[PDB]
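Asks: Here it is, the structure, as structure tokens.
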Amino acid sequence: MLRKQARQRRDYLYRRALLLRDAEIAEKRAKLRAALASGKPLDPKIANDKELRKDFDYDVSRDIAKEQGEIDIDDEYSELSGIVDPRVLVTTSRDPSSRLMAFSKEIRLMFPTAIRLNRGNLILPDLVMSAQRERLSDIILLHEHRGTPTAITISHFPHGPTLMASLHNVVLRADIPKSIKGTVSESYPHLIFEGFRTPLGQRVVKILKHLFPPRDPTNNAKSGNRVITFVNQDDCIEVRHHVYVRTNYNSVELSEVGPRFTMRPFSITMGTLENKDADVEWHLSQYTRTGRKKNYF
Amino acid sequence: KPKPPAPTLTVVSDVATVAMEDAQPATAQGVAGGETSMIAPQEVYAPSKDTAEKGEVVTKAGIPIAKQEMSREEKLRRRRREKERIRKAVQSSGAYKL
Amino acid sequence: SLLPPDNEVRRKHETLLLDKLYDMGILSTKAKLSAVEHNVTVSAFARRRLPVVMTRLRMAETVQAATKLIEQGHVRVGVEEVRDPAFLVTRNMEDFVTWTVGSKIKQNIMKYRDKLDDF
Amino acid sequence: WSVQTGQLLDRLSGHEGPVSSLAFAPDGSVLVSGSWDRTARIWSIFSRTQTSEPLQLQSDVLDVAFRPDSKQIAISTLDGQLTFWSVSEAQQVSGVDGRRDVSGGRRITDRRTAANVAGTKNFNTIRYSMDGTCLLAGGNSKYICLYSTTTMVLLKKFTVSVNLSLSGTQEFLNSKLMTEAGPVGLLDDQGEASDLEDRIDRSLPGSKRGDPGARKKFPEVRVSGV
RNA sequence: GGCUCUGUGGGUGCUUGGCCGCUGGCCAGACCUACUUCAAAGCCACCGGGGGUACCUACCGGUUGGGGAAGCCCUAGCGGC
RNA sequence: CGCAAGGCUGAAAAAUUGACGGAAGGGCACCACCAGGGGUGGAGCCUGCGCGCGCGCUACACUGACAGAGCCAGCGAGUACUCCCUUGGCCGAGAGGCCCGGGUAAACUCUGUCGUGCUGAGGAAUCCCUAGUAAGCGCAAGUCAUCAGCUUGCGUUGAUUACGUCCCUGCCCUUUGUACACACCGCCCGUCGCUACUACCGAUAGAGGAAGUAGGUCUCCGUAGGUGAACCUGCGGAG
């Protein structure tokens, strides 16, 4: 099994590098197809390449399929997108506190298909090993400061990305009394994402919305009574968890049911939780000059 | 990896299973076997709305009941059950004043 | 290629052909038909053979030594011992080619690593 | 999957390798899987808790069989050994090391002595008796073994074929058939055929599992099912 | 006395003779070269992919000059259609 | 540069598909039952959140103290790491450097010496937990966010009790679909909307109000015609 995970990760990295070179060529091939249909004259370096024309005659059709959106990009999520229900386990750090364990339970209840695991004495490579051995889609690690959580680590499996984020303004479910709160409904939640516009924003949108099981698309625009909101300002994604009734065709009553975060991501690594030496995709550039001026996501 | 599954339909007849059997001097089945007609009674005849009469309806039980003999309460309840399945899937001054 | 470019059966059989060749390990990408133009190659089949793929997996040192070892019969692919040095190892059986049960080559590797368990 | 529903119930998981043998218990309560992670699993599916008790073995699992009175199970590994486990308290109660009892070999295209050929020294398939007292075991070899499950002895060994047109039916080939160009049953003699459809070799290079070309000259002896 | 190397014979599949121009002969061989009525039925027959086609070849349709099997007819001929 | 760029104005629907339920039957859950375990809450310290609240940390004795003997880990190596500040004196024209004072485990195992002695294990509640899990123990690191009032790893020792059931509390879903054989089941229920039609009521042909329903082949012969020997067609007869 382990040889298959290593081999498939190496094949994925090689295919991504080949896609970089092929994109450098296919930016030139899309000018030849647009000039053929519209008749505007093109560059001589493009029109006088015999290899480009000879291979263009075979590779028209994938460019047309990408224009129509009929195919999907080579990704770690596009293999099993809406086919499998993504199972995900939430774990603490090594010796958790009682409020960290209740918070772990609360963000377990945020996902309708998640499970929680007691860490105890569990070495982190064997944690990764057991996740790949039970075909989990995601793990989420939690770190507390002193009864208040300060970091999440959302890792996608078998070889997918980590998003490590630091938590702020955490208002737990376990602070309000049982007369006012209650047992959270476990229905498949709607999701809304607000303010993600860069390709890095669509990356974090993908690795956050593939944590939830896929919604049945027959009548999802009106059915379902539970929503989860990820909205970012100043690249600190703030998340709420509401439950709603549609009290009229023009009005809706919301009710806050879950914990509130404003998590800020500081590391997105193309590689799982065990790989400390995985190649990062983005990291929070503090101690640079304009790293506080520039806004990502 | 085998192939993507593409739909293929097979036309079976109403002959007995000893017509699907291979060629040999006598059958392997007994005398009771050999009358099984290779399509079930549900494929010989199934009562449904597309093969019902004009005045009558067929219920979920497969029983013809007519709309004339059906009462108002049962008509209302059958309408409610079908609707439940569907849900699961310048003038004059006198005219102004007076 | 000679089919028109917006054709449904052209697109479906392009994806089928590229997925079949990438699953057999001949092509290294599954997103270009020019790979089947000038990258599918009898050398690509011949390097998907067994002694070259275990040379790459470093089961042997050279393809000559690998052909000698799989003629003497130390190498199984999966669960069955392989005596034919032309057995084309696909991309998901390159994860299952390994030594046989009572192999002297396996005892040599364990004796080098000082893990020679005689049980 | 479910038979009366038709759609997929579950994907059970916990194996670190491809799963080679499956067996549902004849009373109906326990699935047992056996896989090349050197492991077996007592899956309990039908209870309200769905649980998996592992049985750690010494090599890759090749076959799994139940006793008819379901308290016992025999799993045959790649070392060539049969291990008789209990299913209630998951402990091995019995075992046979059966390499020598099934090792009969030396095919053509085999440069080892028949005693040193590994690959024909395991039991690919095993079945209990309908009594439940004797296993029957057969692999990729000439011999079928019939073991006793209580006294752990080989009651009787059989030879499947005397046919020398098959390849692995005698463990000591004679040196009369070895020319200076390899064995005599190895030279390609298709060219001395009167008919073209017999002369044409439409065979694929390196195809162990079937090709429609299928030269198939001197096929091996193997018992693929008992 | 021991290791190694090499050679011959038997065995490594159920035991019916050596040879020939073989119903008979021979193992020391013998005789040497005859006899003849009417050439033949057709088909298939594996070169890696895309492309060129001036020349050669294959297939198909024709053109000049000769050739006449066979079919048809009758004024009968060295005939005629 | 042109259009956008002129205020019956003055803040707080759709529906033959819709709105809300009920009853029955399933599935699941340490936010449920059942059996146990462990926190917090009592005293002190303090980060944090808004004097209060918890989260950690410490003290609180049989599981004792003292002295010996023996025996066990894993992660950890950037010419890099250091706990203060000072009384004196050395060599110091001066700035400093010296010297001397003051403030690779824990655990475990075995053998002896003494014996409960301000020398006291946390209420109501509330929360969490089902196997290398709870709990004890130390060692190491400090990785662009968080974290020294701590964080995260890493090894060591390692149990009790459930592992059943939807009875309580709930959550999800069936009563439409999504496949066909065996086999089984057999029209779930209510309050309204919308649409179509029908008639009613009363003010000025008309917008409203209120309601209901949904059977002669073959051969021959005699004929008559055709293109004549023959031969063809049609008919009438016999075999």
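In the order they appear, the protein sequences are chains CK, CL, CJ and UA. Sequence positions in the first sequence follow the entry's author numbering and run 1 to 297. Sequence positions in the second sequence follow the entry's author numbering and run 639 to 727, 777 to 785. Sequence positions in the third sequence follow the entry's author numbering and run 62 to 180. Sequence positions in the fourth sequence follow the entry's author numbering and run 453 to 678. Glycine residues also receive a C-beta, built at the ideal position from the N, C-alpha and C atoms.
(1) Using a C-beta to C-beta distance shorter than 8 Å, which residues of chain UA count as neighbours of CJ/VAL162?
(2) According to DSSP, simplified to helix, strand and coil, what is CJ/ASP67?
(3) Hey, is UA/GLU468's beta-carbon within less than 8 Å of any beta-carbon in chain CK?
(4) Write down the C-beta distance between UA/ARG564 and CJ/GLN133 rounded to the nearest angstrom, noting that I regard them as a contact closer than 8 Å.
(5) Please tell me whether CJ/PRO112 has its Cβ less than 8 Å away from any Cβ of chain CK.
(6) Taking Cβ-Cβ distances shorter than 9 Å, what residues in chain UA pair up with CJ/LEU149?
(7) Output the boundary residues of the beta strand (DSSP E) element that contains UA/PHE536.
(8) So, are the CB atoms of UA/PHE575 and UA/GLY550 less than 8 Å apart?
(9) Indicate the three-state DSSP secondary structure (helix, strand or coil) for CJ/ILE166 in the structure shown.
(10) Compare the C-beta of CK/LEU19 against all C-beta atoms of chain CJ and say whether one is closer than 8 Å.
(11) Of all the options UA/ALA526, UA/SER655, UA/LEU618, UA/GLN459, which has the alpha carbon lying nearest to the alpha carbon of UA/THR602?
(12) Between the Cα of CJ/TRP160 and those of CJ/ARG152, CJ/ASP175, CJ/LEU118, CJ/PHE180, spot the shortest distance and give me the residue it belongs to.
(13) Closest by CA to CL/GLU707, which one among CL/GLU694, CL/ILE701, CL/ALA699, CL/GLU722?
(14) Are UA/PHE518 and UA/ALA475 close, meaning C-beta to C-beta below 8 Å?
(15) Rounded to the nearest angstrom, what separates CK/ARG9 and CJ/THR151 at their Cα positions?
(16) Would you call UA/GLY532 buried or exposed, if buried means 16 or more other Cβ atoms sit within 10 Å of its Cβ?
(17) With a threshold of 7 Å on Cβ separation, who are the neighbours of UA/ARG651 within its own chain once the five nearest residues in sequence on each side are excluded?
(18) With the cut-off set at 8 Å, would you say CJ/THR90 and CK/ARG15 are in Cβ contact?
(19) For the beta strand (DSSP E) containing CK/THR269, name the first residue and the last one.
(20) Since I believe CK/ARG264 is in contact with CK/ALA165 (beta carbons under 8 Å), could you give me their beta-carbon distance rounded to a whole number of angstroms?
(21) Around the C-beta of CJ/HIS74, are 16 or more other C-beta atoms found within 10 angstroms, so that it is buried, or is it exposed?
(22) According to DSSP, simplified to helix, strand and coil, what is CJ/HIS74?
(23) In the DSSP output, which residue or residues are listed as bridge partners for CK/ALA165?
(24) So which residues on chain CJ does UA/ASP562 lean against when the C-beta distance must stay under 8 Å?
(25) Taking a contact to mean a Cβ-Cβ separation below 8 Å, would you say CK/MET110 touches CK/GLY271 in this structure?
(26) Quick check on CK/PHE103: does DSSP put it in helix, strand or coil?
(27) Just by C-beta distance, which residues in the region 470 to 488 of chain UA are closer than 9 Å to chain CJ?
(28) Restricting to runs no shorter than 4 residues, where is the alpha helix (DSSP H) found entirely within the region 74 to 102 of chain CJ?
(29) Using only the alpha-carbon positions, how far apart do CK/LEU2 and CK/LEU136 sit?
(30) For chain UA, find out if any of its Cβ atoms is closer than 8 Å to the Cβ of CK/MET1; answer yes or no.
(31) Kindly indicate which residue of UA/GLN459, UA/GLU541, UA/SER619 has the alpha-carbon position closest to the one of UA/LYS523.
(32) When you check each C-beta in the region 77 to 93 of chain CK against every C-beta of chain UA, which residues fall closer than 9 Å?
(33) Write down every uninterrupted run of the beta strand (DSSP E) in the region 154 to 230 of chain CK whose length is 3 residues or greater and which is fully enclosed by it, in chain order.
(34) Using the three-state DSSP reduction, which class does CL/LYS641 fall into: helix, strand or coil?
(35) Using the beta-carbon count (16 or more within 10 Å), is CK/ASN250 buried or exposed?
(36) Among CK/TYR244, CK/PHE212, CK/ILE237, which has the Cα closest to the Cα of CK/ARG226?
Replies: Let's see:
(1) Stepping through the third sequence from its first residue, residue 162 of chain CJ is reached at position 101. Within 8 Å Cβ-Cβ: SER511, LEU530, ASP531, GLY532, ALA570, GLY571, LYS573, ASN574.
(2) As a first step, residue 67 of chain CJ must be located in the third sequence, where it is residue number 6. The answer is coil: DSSP assigns CJ/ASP67 none of H, G, I, E or B.
(3) For this step, residue 468 of chain UA is matched to residue 16 along the fourth sequence. Cβ-Cβ to chain CK under 8 Å: yes for UA/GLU468.
(4) Locating residue 564 of chain UA in the fourth sequence gives position 112, where the first residue counts as 1. Locating residue 133 of chain CJ in the third sequence gives position 72, where the first residue counts as 1. About 7 Å; that satisfies the 8 Å criterion.
(5) By 1-based counting over the third sequence, the position of residue 112 of chain CJ is 51. Output row for CJ/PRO112: interface = no.
(6) Within the third sequence, numbered from 1, the residue matching residue 149 of chain CJ stands at position 88. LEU656, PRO657, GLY658, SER659, listed in chain order.
(7) By 1-based counting over the fourth sequence, the position of residue 536 of chain UA is 84. Per DSSP, UA/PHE536 belongs to the beta strand (DSSP E) from 533 to 538.
(8) The count along the fourth sequence starts at 1 and reaches residue 575 of chain UA at position 123. The count along the fourth sequence starts at 1 and reaches residue 550 of chain UA at position 98. Yes; because the gap between Cβ atoms is below 8 Å, this pair is in contact.
(9) By one-based count along the third sequence, residue 166 of chain CJ stands at place 105. Here CJ/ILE166 sits in helix by DSSP.
(10) The residue you call residue 19 of chain CK lines up with position 19 of the first sequence. Yes, CK/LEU19 lies at the interface with chain CJ (some Cβ there is under 8 Å from its Cβ).
(11) Locating residue 602 of chain UA in the fourth sequence gives position 150, where the first residue counts as 1. Residue UA/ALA526 is the option with its Cα nearest to UA/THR602.
(12) Residue numbering aside, residue 160 of chain CJ sits at position 99 when the third sequence is read from its first letter. For the residues CJ/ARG152, CJ/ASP175, CJ/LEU118, CJ/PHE180, the minimum Cα distance to CJ/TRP160 belongs to CJ/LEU118.
(13) Mapped onto the second sequence, residue 707 of chain CL falls at position 69. Per the Cα distances, CL/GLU694.
(14) Here residue 518 of chain UA is taken as the residue at index 66 of the fourth sequence, counted from 1. Here residue 475 of chain UA is taken as the residue at index 23 of the fourth sequence, counted from 1. Yes, these two residues count as a Cβ contact at 8 Å.
(15) Position 9 of the first sequence, counted from the first residue, corresponds to residue 9 of chain CK. Position 90 of the third sequence, counted from the first residue, corresponds to residue 151 of chain CJ. Going from the Cα of CK/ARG9 to the Cα of CJ/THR151 covers about 17 Å.
(16) Against the fourth sequence, residue 532 of chain UA aligns to sequence position 80. So UA/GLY532 ends up on the buried side.
(17) As a working note, residue 651 of chain UA is residue 199 in the fourth sequence. For UA/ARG651, where only same-chain residues beyond five positions count, the Cβ hits under 7 Å are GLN642, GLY643, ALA645.
(18) Taking the third sequence and counting its residues from 1, the one referred to as residue 90 of chain CJ is at position 29. Taking the first sequence and counting its residues from 1, the one referred to as residue 15 of chain CK is at position 15. Yes.
(19) Here residue 269 of chain CK refers to the residue found at position 269 of the first sequence. Counting along the chain, the beta strand (DSSP E) containing CK/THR269 begins and ends at 261 to 269.
(20) As a first step, residue 165 of chain CK must be located in the first sequence, where it is residue number 165. As a first step, residue 264 of chain CK must be located in the first sequence, where it is residue number 264. That pair is a contact at about 6 Å.
(21) As a working note, residue 74 of chain CJ is residue 13 in the third sequence. It counts as exposed.
(22) Along the third sequence, one-based indexing puts residue 74 of chain CJ at 13. Helix, per DSSP.
(23) Mapped onto the first sequence, residue 165 of chain CK falls at position 165. Paired residues: CK/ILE152, CK/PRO265.
(24) Here the question's residue 562 of chain UA lines up with position 110 in the fourth sequence. Neighbours of UA/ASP562 on chain CJ, chain order: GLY134, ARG144.
(25) Sequence index remark: in the first sequence, residue 110 of chain CK carries index 110 (1-based). Sequence index remark: in the first sequence, residue 271 of chain CK carries index 271 (1-based). Not in contact: CK/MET110 and CK/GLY271 (Cβ atoms no closer than 8 Å).
(26) Along the first sequence, read from residue 1 onward, the residue named residue 103 of chain CK stands at position 103. Reduced to three states, the DSSP call for CK/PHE103 is helix.
(27) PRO470, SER472, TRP488
(28) 95 to 99
(29) Counting from one through the first sequence, the residue named residue 2 of chain CK turns up at place 2. Counting from one through the first sequence, the residue named residue 136 of chain CK turns up at place 136. The alpha-carbon atoms of CK/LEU2 and CK/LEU136 are separated by roughly 15 Å.
(30) Start at 1 with the first residue of the first sequence, and residue 1 of chain CK comes out as number 1. For CK/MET1, the answer is yes, since a Cβ of chain UA falls inside 8 Å of its Cβ.
(31) Taking the first residue of the fourth sequence as position 1, residue 523 of chain UA is located at position 71. Residue UA/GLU541 is the option with its Cα nearest to UA/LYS523.
(32) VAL84
(33) 162 to 166, 190 to 194
(34) In the second sequence, counting from the first residue as 1, residue 641 of chain CL sits at position 3. Coil at CL/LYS641, not helix or strand.
(35) Start at 1 with the first residue of the first sequence, and residue 250 of chain CK comes out as number 250. Burial call: exposed.
(36) For the purposes of this step, residue 226 of chain CK is identified with residue 226 of the first sequence, where counting begins at 1. Taking only the C-alpha atoms, the option nearest CK/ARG226 is CK/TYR244.
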